[PDB]
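Colleague: To start, I am sharing the structure in question, which I have written as structure tokens.
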Amino acid sequence: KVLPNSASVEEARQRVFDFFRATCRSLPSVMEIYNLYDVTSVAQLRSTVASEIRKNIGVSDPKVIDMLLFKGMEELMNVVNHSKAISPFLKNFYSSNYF
Amino acid sequence: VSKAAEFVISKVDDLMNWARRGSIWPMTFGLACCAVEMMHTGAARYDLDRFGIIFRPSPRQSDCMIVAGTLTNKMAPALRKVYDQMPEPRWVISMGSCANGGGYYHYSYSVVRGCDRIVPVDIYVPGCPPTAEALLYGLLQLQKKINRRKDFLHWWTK
Amino acid sequence: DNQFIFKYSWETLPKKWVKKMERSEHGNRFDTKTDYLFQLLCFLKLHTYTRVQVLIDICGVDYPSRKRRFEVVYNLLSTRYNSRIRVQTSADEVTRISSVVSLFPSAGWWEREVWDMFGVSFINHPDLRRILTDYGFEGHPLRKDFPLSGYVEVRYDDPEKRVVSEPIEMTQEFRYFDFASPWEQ
Amino acid sequence: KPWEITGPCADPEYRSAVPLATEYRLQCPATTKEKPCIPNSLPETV
Amino acid sequence: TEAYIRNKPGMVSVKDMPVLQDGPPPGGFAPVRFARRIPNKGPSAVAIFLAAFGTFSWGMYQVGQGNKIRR
Amino acid sequence: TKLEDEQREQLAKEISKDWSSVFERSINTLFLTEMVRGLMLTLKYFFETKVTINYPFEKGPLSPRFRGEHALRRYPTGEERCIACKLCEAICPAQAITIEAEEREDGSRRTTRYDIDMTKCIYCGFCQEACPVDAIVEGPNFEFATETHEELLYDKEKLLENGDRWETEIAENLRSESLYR
Amino acid sequence: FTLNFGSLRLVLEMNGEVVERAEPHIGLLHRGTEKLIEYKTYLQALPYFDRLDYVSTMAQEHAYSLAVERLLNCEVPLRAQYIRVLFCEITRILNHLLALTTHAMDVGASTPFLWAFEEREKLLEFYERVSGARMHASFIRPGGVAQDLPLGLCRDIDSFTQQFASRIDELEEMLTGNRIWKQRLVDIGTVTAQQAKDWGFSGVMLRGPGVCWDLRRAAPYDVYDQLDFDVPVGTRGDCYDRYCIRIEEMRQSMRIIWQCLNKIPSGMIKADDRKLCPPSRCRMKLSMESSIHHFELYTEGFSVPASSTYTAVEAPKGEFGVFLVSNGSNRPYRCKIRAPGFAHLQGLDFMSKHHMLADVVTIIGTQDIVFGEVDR
Amino acid sequence: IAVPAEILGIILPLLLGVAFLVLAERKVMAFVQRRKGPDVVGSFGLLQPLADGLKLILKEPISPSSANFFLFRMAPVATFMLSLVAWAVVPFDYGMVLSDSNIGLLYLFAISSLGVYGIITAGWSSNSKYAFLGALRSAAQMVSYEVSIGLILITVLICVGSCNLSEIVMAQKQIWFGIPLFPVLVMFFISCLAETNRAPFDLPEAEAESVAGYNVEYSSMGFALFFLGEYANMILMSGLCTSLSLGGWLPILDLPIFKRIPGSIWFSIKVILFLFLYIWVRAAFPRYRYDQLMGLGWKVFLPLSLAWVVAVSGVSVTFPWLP
Amino acid sequence: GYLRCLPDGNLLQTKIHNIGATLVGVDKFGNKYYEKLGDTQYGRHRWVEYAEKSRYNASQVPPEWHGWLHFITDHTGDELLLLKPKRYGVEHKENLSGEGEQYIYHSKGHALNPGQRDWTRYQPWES
Ligand code: SF4
Ligand code: SF4
Ligand code: SF4
């Protein structure tokens, strides 16, 4: 179910927390969906999800926050449904002109 | 390697090719708007049952996949999965322009630029839609192509 | 033709939400605000002399120049009085507009299609999953800035034994021919 | 014949499906006995 | 020019230019019987029931005679 | 469902007016009259003549305005009929035609490269009707199924040889259709 | 429990073989038709409408041409209008025949399929004689048609109409009145008129309940207001009444075909103005202005005035509408394609509720979902 | 000794007849549908069954690996055994029987009863649950219509004192039992149509429809063996129909011109008419839903069969017409 | 060629249809073109015997007889041969397309082409 736009930063934060809860509860299903038990590190996956949420802090618009949460829930549903020293300049220079 | 063993091998290969040519059991992959023309091919006028063609709904019993219609990125995994279930003696007929090189939707998102990118297709049937005459020509061309299969000779000379 | 219930609506409909009206032979047009669209459609559907009780369709138009690029259009029909009406609003990428699934149950799939093609989210949709494009599609294809050929393409990867999705590398690039005449204006 | 007892075959005004070659399509489209003349404008606007 | 394309050997005005297109023959074709005509000329319900009953009775009589002969 | 029940009772009373009608209906439902009639029609079509075309020896009817295989023609003298006006790909909805050209040795405008994808052509005849010189025509041939996509990718030499091969039939169809133009 | 079927993908929730709910997944034939139409000129975009709802080809051409003429205000000659009506009714006959016989095959009846395909082969021969190909014939263009009728076509169509009256009687005798056919159809997927209006049904699926509304009579977009045909309605909307409505529509299409053949006039086949309709080959090879206009119409296109409109026609499936928004340029700015399969496939959910799997496939056949138009 | 020779001479021509029966079904259905069947593999398609069998043999097999390999493989074997051993008793003329069992009718009824196990095990051993459900549906339908078939057998057994098919025919000498019991013959024909999953009541062959079937998982030879068993059962029940309600190897009116025909020709001709009726009904009619056909079997044919049993018994007991 | 009827069955149908037919023509490749009017349905009143019973192909019909066989024209192949253009033109060739790399058509850039042409649209310095 889709909800109206959050009118407060606190409401946006609560929705973000709910989405993170949903991701954490749906993590073990992805285990049996993908079967990468050798180097998954479920804790590392949770850390990466938290890192994505933390790199998406520069946004301050509640509408943008709600849209990002909607797209994240969509991505969660898709993943559940199994849908997949020479400096940086010199390497690009040796690779191609367009960099 | 001899000249009489070679003759016997040639006769055996001819019999095998005759059987496989006269008992083709293709399966329709009927997307978009070459499937209607395919049903016209299977109709009374250009009948396919005469040559041995009968459409098997189960991919496990089918001989060759006839992909007629547009291949979508959402449907290409299904096409590949269904193709993988077919028995090892297998062939592919790409009917129309969508299944050949993308056709009229070549420059479009969610359109596979021909079924050749997903499955190894043996014979292309140009047209949009190809006439039922032309599709039956393509099936006869498949018969001709499998009429030169020296499987027994290749197995013998290994 | 049949501009009867359109004029009757403008006579009886509250004037608060009628942002603008267009009397045309190509179709009578109502343009309103996104806040009052649900109320306006509820009035039209339920009123006894403007019974547009069937929703023809919901469409989206992209206008990159305007501040609110997306234009959501609703084509409705009145079979009792035999006339078509058009009600449209303007929405941008982030703001969510009201859903009319409760009034017209057919609006669910058209609203999902609008979401898929443009990104205009709806407030009270029972579900708003993508309907038309591939599973895991990233962009909104019908936006003007979206490239015609898309961003990714699929192929069969033999080592993976599956159909993988890779960034586009298409041969025979699309040839845009500029036929526009400088004297057309 | 058993099918004239009842049904559409018993109807005197019943038409066969197969068209005869001597009456269906007498002249091939590329060889028509009379030459066409298709107008392209009104006589006034000439 | 339309007159140049559709010129007539002896025409004076742009009117009465030669014309010949696909169309009805003089008489306007014939009616085609859009409706349906399904005649029900089969045997009546009572007739087939009487036939079946009489057939059953006479057949049982024949069964009795055949059983007597076989006995 | 009470309305449905009373409607059913009313209908049953309506179609049970008398013993003759009820007996007729019961006999019809018991002795499979409609099934027998369908069987009789099926037997009639079993004994009637067939409409199978016998493909390889007998081929279905066509029209001179048939959109088969793209091809390029020539003038009766022998020169290429195709000037490089580039109206082919300007109108080709599928963008299946690619053309490049330059001035020839004698100053004539001719195409130095002209290829058509038969896997991208939608066989619509827009080019053959946009040609100002009737150079490209969609020939009557349609049985040109190839085993390879690269074979299905045509070019100028193949189009010209197709036109030379099918010149007489293409000319007959072009006469018949230029009548209809 | 959820049962999955895999271009028709459908997931069904079942309890006791009884279908609690059905959810279709449709995108399997999405092709970016609207995006490509936006990227291409109007004439180059007509084949897209050819491809949409491919069972009924020329109905989409008629809708697109009517929308373009509405946005363009160009008068179509009477002969062009009459031949457009004739071929639209031929298209309706083709679509109804295919829908009925595919429905019969899905039910289990296999034999009428090939008889109706013989009829369809005759009609496709008509298409191939009048235009380029048997299917996807870009014959109907804005302002008129591509070419004039070949001589003898009217006589052949008359012969077909007589034999086809016989064939419709034949098919109705075999299918209608069969106990198995009745048990398969009656009281299956019934829709109230309120439900149909709510879910946006059109055509047979809307007249089945008995709303008593047809587009050819409500908004006559052709000589339809001079053809005095009949529009059948269903007493209680279900599969059987929709099938009977389709049979009656085939009969009335034959009636309209005969009327058009009888009263077809003699004149031109397209709009008189060469700014909007291409000149003939002789005219472009003989006249300087005609050569200019042919060149400009085949490189550029006709620049429609900047406006937005919705034009709907009575396609055999139902109401097929095109919403065209222009900006004064030679390419359509926006083209929304409302197909009468998108709403019906929504209706599948409530139609096939408390039914079974065979009832679900029967409902699909009755609705006649062509996935090209629903994935437009 | 001679018994294996007789058994082989019964089995191999039965397989040839099954192949030409599927060919004849194609030809008759095509001629019904205004087309022509297989005509390009040999003259009039006479080599089409040979080509099909050779292709099926040469097709490379696949192993589903369903953890029930033995049961998966042996189910078509079981149904093939059942069809053949059912054919082991049917007479063709006076003295052309392998086992002249005095209980031949009940033997055929028992063999028909055993026939459901092949399909049930095929559905269960398959990984997919759709195949299991389809096998259950087909088994239940065969169950109901075999109950009806047994009641019809009881009617015939009331008519004829003995229980062996040869003496049944010897009693048929007079009136063929079809003249007295044409409705019973019609019900038996519909019941055997539903018994072999042929014509209407065709659930497994509705693969294009949602019911699917029990043969989806099976490989080339498993599917071929199931098809051969089904068609051998079709021929078997056509022979049962002609031995029960058409007199078997008996001419018409006992004229001396008709007695020149050996009688095995008569039995073959009657079986051919019954097979033509099979293909006729399959081509001419739609198919029933599973619930519809089950209700029809349990509510229309069972009461009618019981009523006909009672009526025949009452007619025979009342009058001296008793053997 | 009558012994081919037993293992062909399609040539058998053709020979059955050539009972009351009239040989309307023959081409330079040996194909014999027959017409049969009267009590014959429309779709089966013109046909061809390819005179190559072993491996007859649908593409062996020359363009001169293609239209007449496909019912496009009432003109037989003899008239079209008379009207065949001069100063240019090639003989009819069947749709081999699989009979050999030396027979099939190859693009100018294909590696199988006898002469493969580079495509760069610039001339390097080439010291
Ligand atoms: S190739 Fe043409 S006819 Fe075939 S599916 Fe594509 S658009 Fe339709
Ligand atoms: S027929 Fe149409 S698609 Fe083919 S090359 Fe010509 S314009 Fe392009
Ligand atoms: S339109 Fe004609 S002249 Fe122009 S490029 Fe094409 S073939 Fe050549």
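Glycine gets a Cβ as well: all are built from the backbone with ideal geometry, and neighbour counts include every protein chain shown. Only the coordinates and a few stated rules stand behind these numbers; no lab work does.
Colleague: Could you give the Stokes-Einstein D for the range G:242-363 in µm² per second, using the C-alpha Kirkwood radius, 20 °C, 1.002 mPa s? Numbers along the way, then the final one.
Modeller: Values: Rh = 19.2 Å.
Estimated via Stokes-Einstein, D reaches 111 µm²/s.
Colleague: As an exercise, identify the trypsin sites (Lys or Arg not before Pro) in the range I:1-106 lying in DSSP coil whose Cβ has no more than 15 other Cβ atoms within 10 Å.
Modeller: Working: sites: I:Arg4, I:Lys15, I:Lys28, I:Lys32, I:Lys36, I:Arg44, I:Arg46, I:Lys53, I:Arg55, I:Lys86, I:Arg87, I:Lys93; in loops: I:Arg4, I:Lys28, I:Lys36, I:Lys53, I:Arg55, I:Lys86, I:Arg87, I:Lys93.
Sparse-neighbourhood loop trypsin sites (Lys or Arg not before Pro): I:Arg4, I:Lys28, I:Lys53, I:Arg55, I:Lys86, I:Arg87, I:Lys93.
Colleague: Using a 10 Å cut-off around each Cβ, can you sort G:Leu29, C:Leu13 from fewest to most neighbouring Cβ atoms?
Modeller: Working: G:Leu29 26, C:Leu13 18.
Ordered from fewest to most neighbouring Cβ atoms within 10 Å, G:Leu29, C:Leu13 come out as C:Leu13, G:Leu29.
Colleague: If you don't mind, there's one more thing I want to ask. For the ranges G:265-275, G:75-85, what's the packing order if you count other beta-carbon atoms within 10 Å of each residue, average per peptide, and put the highest first? Kindly include the intermediate steps, with their values, before the conclusion.
Modeller: Working: G:265-275: 17.9, G:75-85: 21.0.
The packing order, highest mean first, is G:75-85, G:265-275.
Colleague: Rg(Cα) of the range H:1-148 divided by 2.2 N^0.38 Å? Walk me through the numbers on the way to the answer.
Modeller: Details: Rg = 18.6 Å, N = 148, 2.2 N^0.38 = 14.7 Å.
Ratio of Rg to 2.2 N^0.38 Å for the range H:1-148: 1.27.
Colleague: May I ask which residue of B:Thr157, C:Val154, G:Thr161 lies farthest towards the positive end of the charge dipole of the protein assembly as shown, with charges of +1 (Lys, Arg) and -1 (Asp, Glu) on Cβ and the Cα centre as origin?
Modeller: It is G:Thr161.
Colleague: Helix H:182-195 sits at what angle to the longest principal axis of chain H, using alpha carbons and giving 0 to 90 degrees rounded to 10?
Modeller: Helix H:182-195 sits at roughly 20 degrees to that axis.
Colleague: Could you state the per residue volume, in Å³, of the convex hull enclosing the Cα atoms of chain H?
Modeller: Convex hull volume per residue, Cα atoms: 154 Å³.
Colleague: Here's a follow-up. Set the Förster distance to 30 Å, then compute FRET efficiency between H:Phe227 and G:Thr190 from the Cβ-Cβ distance, nearest 0.05.
Modeller: Values: r = 39 Å, r/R0 = 1.31.
The calculated FRET efficiency here is 0.15.
Colleague: Residue by residue through B:19-32, how many Cβ atoms from other chains fall within 10 Å of the Cβ on average?
Modeller: Details: counts 11, 5, 4, 14, 13, 2, 4, 0, 0, 1, 1, 1, 6, 9.
What the average comes to for B:19-32 is 5.
Colleague: What are the chymotrypsin sites (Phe, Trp or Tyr not before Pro) within the range A:1-75 that DSSP puts in a loop, where the Cβ has at most 14 other Cβ atoms within 10 Å? Let's see the in-between values first.
Modeller: On the way: sites: A:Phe17, A:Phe19, A:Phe20, A:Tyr34, A:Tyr37, A:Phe70; in loops: A:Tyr37.
Answer by residue number: A:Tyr37.
Colleague: Could you give me the ³J(HN,Hα) list for the range H:84-99, computed from phi with Karplus coefficients 6.51, -1.76, 1.60 and θ = phi - 60°, whole Hz, x at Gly and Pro?
Modeller: Per-residue couplings from phi come out as 5, 5, 5, 5, 5, 10, 4, x, 10, 7, 6, x, 9, 9, 7, 10 Hz.
Colleague: Here's something else I'd like to know. Using a Gaussian network model on chain H with a 10 Å cutoff between Cα atoms, which of H:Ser125, H:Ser219, H:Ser238 fluctuates the most?
Modeller: H:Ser219
Colleague: Now, a different point. What fraction of the DSSP beta bridges in chain C is antiparallel, stated in percent and rounded to the nearest 5?
Modeller: Numbers: 26 of 30 bridges.
DSSP beta bridges in chain C are roughly 85 percent antiparallel.
Colleague: A further question on this structure: Given the options H:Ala140, B:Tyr109, B:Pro129, identify the residue whose Cα lies farthest towards the positive end of the charge dipole of the protein assembly as shown (+1 on Cβ of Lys, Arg; -1 on Cβ of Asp, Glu).
Modeller: H:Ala140
Colleague: Here's something else I'd like to know. Just checking the output field for H:16-22: average partner chain Cβ neighbours within 10 Å of each residue's Cβ? Kindly include the intermediate steps, with their values, before the conclusion.
Modeller: Numbers: counts 0, 0, 0, 0, 0, 0, 0.
Mean inter-chain Cβ contacts per residue within 10 Å come to 0.
Colleague: To continue, here is another question. Considering the range B:25-158, what Rg and Dmax in Å follow from its alpha-carbon atoms?
Modeller: 14.9, 48
Colleague: Project the alpha carbons of the range H:116-245 onto their principal axes and report the range along each, largest first, in whole Å.
Modeller: If we take the Cα atoms of the range H:116-245, the spans are 53, 24, 20 Å.
Colleague: Over 32 Å between Cα atoms, which of C:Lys20/G:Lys353; F:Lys158/H:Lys59; D:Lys1/I:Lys36; F:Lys158/H:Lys27; G:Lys122/G:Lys353 qualify?
Modeller: On the way: C:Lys20/G:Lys353 43 Å; F:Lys158/H:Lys59 39 Å; D:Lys1/I:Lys36 29 Å; F:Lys158/H:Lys27 44 Å; G:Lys122/G:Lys353 39 Å.
Table pairs above 32 Å Cα-Cα are C:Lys20/G:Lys353; F:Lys158/H:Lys59; F:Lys158/H:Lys27; G:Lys122/G:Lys353.
Colleague: Can you show me the helix-derived [θ] at 222 nm for chain H, built from DSSP H runs with n ≥ 4 at -39,500 (n - 2.57) apiece and divided by the number of residues, rounded to the nearest 500.
Modeller: On the way: 12 runs with 206 residues, N = 323.
Computed ellipticity for chain H at 222 nm equals -21500 deg cm²/dmol.
Colleague: On to the next question. Would you mind checking the radius of gyration and Dmax of the range G:148-210 based on alpha-carbon positions, in Å?
Modeller: Over the range G:148-210's Cα set, Rg and Dmax evaluate to 18.2, 49 Å.
Colleague: Spin-label point model (7 Å from Cα, Cβ direction): what's the E:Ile48 to C:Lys144 distance in nm?
Modeller: 7.2
Colleague: Turning to a different aspect of this structure: Please report the antiparallel percentage of the DSSP beta bridges confined to chain B, to the nearest 5. Don't skip to the end; give the middle numbers.
Modeller: Details: 0 of 12 bridges.
The antiparallel fraction comes to roughly 0 percent.
Colleague: Please list, by residue number, everything in the range F:38-71 whose backbone N is under 19 Å from a paramagnetic label point 7 Å out along Cα→Cβ of D:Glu23.
Modeller: Within reach of a label on D:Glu23: F:48-51.
Colleague: Also: Mind checking which of I:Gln60, I:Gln116, I:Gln41 has the largest fluctuation in a GNM of chain I, springs on alpha carbons under 10 Å?
Modeller: Result: I:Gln116 has the largest fluctuation of those listed.
Colleague: OK, next. Could you work out the equivalent-ellipsoid semi-axes for chain G, taking the square root of 5 times each eigenvalue of the Cα gyration tensor, largest first, in whole Å? Show your work: numbers first, answer last.
Modeller: Working: eigenvalues 277, 121, 58 Å².
The answer is 37, 25, 17 Å, longest axis first.
Colleague: Need the list of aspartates and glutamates near C:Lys15 for cross-linking: C-alpha distance under 16 angstrom, and skip anything on the same chain fewer than eight residues off.
Modeller: Of all the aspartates and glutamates, those that pass the test against C:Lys15 - Cα under 16 Å, at least 8 places apart if same chain - are C:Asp31, C:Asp35.
Colleague: What distance in nm separates the simple spin-label points at C:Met170 and G:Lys285, each placed 7 Å from Cα in the Cβ direction?
Modeller: The answer from the label model is 3.7 nm.
Colleague: If you don't mind, another one. GNM on chain C, C-alpha springs below 10 Å: top fluctuator among C:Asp127, C:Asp116, C:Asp62?
Modeller: So, out of C:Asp127, C:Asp116, C:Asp62, the one fluctuating most is C:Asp127.
Colleague: Is the range H:1-63 rounded, prolate or oblate when judged by the Cα gyration tensor, a ≥ b ≥ c being the square roots of its eigenvalues, rounded requiring a/c under 1.5 and prolate requiring a/b larger than b/c?
Modeller: On the way: a/c = 2.71, a/b = 1.51, b/c = 1.80.
Oblate, because a/c is 1.5 or more while a/b does not exceed b/c.
Colleague: Further question on the same structure: Take H:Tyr214, H:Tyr94 and order them by how many other Cβ atoms sit within 10 Å, fewest up front.
Modeller: The most exposed by this proxy come first: H:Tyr94, H:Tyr214.
Colleague: Follow-up. In what order do G:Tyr127, I:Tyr103 fall by count of nearby beta-carbon atoms within 10 Å, going from fewest to most? Could you put the intermediate results ahead of the total?
Modeller: Numbers: G:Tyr127 22, I:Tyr103 11.
Listed from fewest to most nearby Cβ atoms, that is I:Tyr103, G:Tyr127.
Colleague: May I pose another question? Considering Cα pairs under 8 angstrom that are at least six residues apart, work out the relative contact order of chain H and quote it in whole percent.
Modeller: Details: 405 pairs, mean separation 73.4, N = 323.
That works out to 23 percent.
Colleague: Please list 3J(HN,Hα) in residue order for the range G:294-299, calculated via the Karplus relation 6.51 cos²θ - 1.76 cosθ + 1.60 where θ = phi - 60°; whole Hz, with x for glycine and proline.
Modeller: 4, 4, 6, 6, 9, 8
Colleague: Could you state the principal axis extents of the C-alpha atoms in the range I:4-67, from the largest down, to the nearest angstrom?
Modeller: In descending order, the Cα extents are 31, 31, 17 Å.
Colleague: Helix C:107-117: angle to the longest alpha-carbon principal axis of chain C, degrees 0 to 90, nearest 10?
Modeller: Between helix and principal axis, roughly 40 degrees.
Colleague: When you count, for each residue, the other Cβ atoms within 10 Å and take the mean per peptide, how do C:43-56, F:15-28 rank with the highest first?
Modeller: With the highest mean Cβ count within 10 Å placed first, the list reads C:43-56, F:15-28.
Colleague: Placing +1 at every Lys and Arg Cβ and -1 at every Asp and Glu Cβ, with all other atoms neutral, what dipole size does the range G:43-169 have around its Cα centre, in debye to the nearest 20?
Modeller: Working: 12 positive and 16 negative charges, 41 e Å.
Dipole of the range G:43-169, to the nearest 20 debye: 200 debye.
Colleague: Expressed in whole Å with the largest first, what are the equivalent ellipsoid semi-axes of the range F:1-156 derived from the C-alpha gyration tensor as the square root of 5 times each eigenvalue? Each step should come with its number before you reach the end.
Modeller: Values: eigenvalues 902, 100, 37 Å².
The answer is 67, 22, 14 Å, longest axis first.
Colleague: Do any trypsin sites (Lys or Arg not before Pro) in chain D lie in a DSSP loop with no more than 11 other beta carbon atoms within 10 Å, and if so, which? Don't jump to the answer; show the numbers that get you there.
Modeller: Details: sites: D:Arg15, D:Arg25, D:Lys33; in loops: D:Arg15, D:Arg25, D:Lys33.
Counting only loop positions with at most 11 other Cβ atoms within 10 Å, the trypsin sites (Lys or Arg not before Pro) in chain D are D:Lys33.
Colleague: Evaluate the charge dipole of chain D about its Cα centre and quote only its size in Debye, nearest 20, assuming +1 on the Cβ of each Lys and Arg and -1 on the Cβ of each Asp and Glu.
Modeller: On the way: 5 positive and 6 negative charges, 48 e Å.
Its charge dipole is roughly 240 debye.
Colleague: I've got another one for you. Distance between Cα centroids, the range H:10-57 to the range C:1-48: provide it in whole Å.
Modeller: If we compute the Cα centre of each part, the gap is 69 Å.
Colleague: For the protein assembly as shown, what is Rg from Cα atoms divided by 2.2 N^0.38 Å, rounded to two decimals?
Modeller: Its radius of gyration relative to the 2.2 N^0.38 Å reference: 0.97.
Colleague: Step through the table entries C:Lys19/C:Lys45; C:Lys45/G:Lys35; C:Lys19/G:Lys336; D:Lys33/E:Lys15, compare each Cα-Cα distance with 21 Å, and write down the pairs that go over it. Mind showing how you got there, number by number?
Modeller: Values: C:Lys19/C:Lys45 19 Å; C:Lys45/G:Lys35 32 Å; C:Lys19/G:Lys336 24 Å; D:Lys33/E:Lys15 26 Å.
Where the Cα-Cα span goes over 21 Å, the pairs concerned are C:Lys45/G:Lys35; C:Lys19/G:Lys336; D:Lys33/E:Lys15.
Colleague: How fast does the range A:14-99 diffuse by Stokes-Einstein, in µm²/s, taking the Kirkwood radius from C-alpha pairs at 20 °C and 1.002 mPa s?
Modeller: On the way: Rh = 15.5 Å.
In µm²/s, the coefficient is 138.
Colleague: Ignore the peptide's own chain and count Cβ atoms of other chains within 10 Å of each Cβ in C:164-172; give me the average, rounded. Don't skip to the answer; put the middle values down first.
Modeller: Details: counts 2, 4, 0, 0, 1, 0, 4, 1, 9.
Counting other chains' Cβ atoms within 10 Å and averaging over C:164-172 gives 2.
Colleague: Between Rg and the Kirkwood Rh of the range G:24-86, both from Cα atoms, what is the Rg to Rh ratio?
Modeller: Working: Rg = 13.8 Å, Rh = 13.2 Å.
Looking at the range G:24-86, the ratio lands at 1.04.
Colleague: Go ahead and run the numbers for FRET between C:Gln3 and G:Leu8, Cβ-Cβ distance against an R0 of 30 Å, rounding to 0.05.
Modeller: 0.10
Colleague: With unit charges on the beta carbons (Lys and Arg positive, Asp and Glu negative) and the dipole taken about the Cα centre of the range H:45-189, which residue among H:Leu185, H:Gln48, H:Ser113 sits farthest to the positive side?
Modeller: H:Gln48
Colleague: Please give the calculated 222 nm ellipticity per residue for chain G, where each DSSP H segment of at least 4 residues contributes -39500 (n - 2.57) and the sum is spread over every residue; nearest 500 deg cm²/dmol?
Modeller: Working: 16 runs with 194 residues, N = 376.
Calculated from helices alone, the mean residue ellipticity at 222 nm is -16000 deg cm²/dmol.
Colleague: When you count, for each residue, the other Cβ atoms within 10 Å and take the mean per peptide, how do G:53-66, B:29-42, B:138-151, G:165-178 rank with the highest first?
Modeller: Values: G:53-66: 26.9, B:29-42: 24.8, B:138-151: 18.6, G:165-178: 21.6.
In descending order of packing, they fall as G:53-66, B:29-42, G:165-178, B:138-151.
Colleague: With θ set to phi - 60° and the Karplus curve 6.51 cos²θ - 1.76 cosθ + 1.60, what are the ³J(HN,Hα) couplings of the range B:149-158 in order, to the nearest whole Hz, using x for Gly and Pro?
Modeller: Per-residue couplings from phi come out as 9, 9, 5, 5, 5, 5, 5, 5, 9, 10 Hz.
Colleague: Which translational diffusion coefficient, to the nearest whole µm²/s, is obtained for the range B:65-121 from the Stokes-Einstein equation, given a Kirkwood hydrodynamic radius over C-alpha pairs, 25 °C and 0.890 mPa s?
Modeller: Details: Rh = 11.2 Å.
Rounded to a whole number, D works out at 220 µm²/s.
Colleague: Quick one: putting +1 on the C-beta of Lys and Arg, -1 on the C-beta of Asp and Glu, what dipole do you get for chain E around its Cα centre, in Debye to the nearest 20?
Modeller: Values: 10 positive and 3 negative charges, 151 e Å.
Result for chain E is approximately 720 debye, rounded to the nearest 20.
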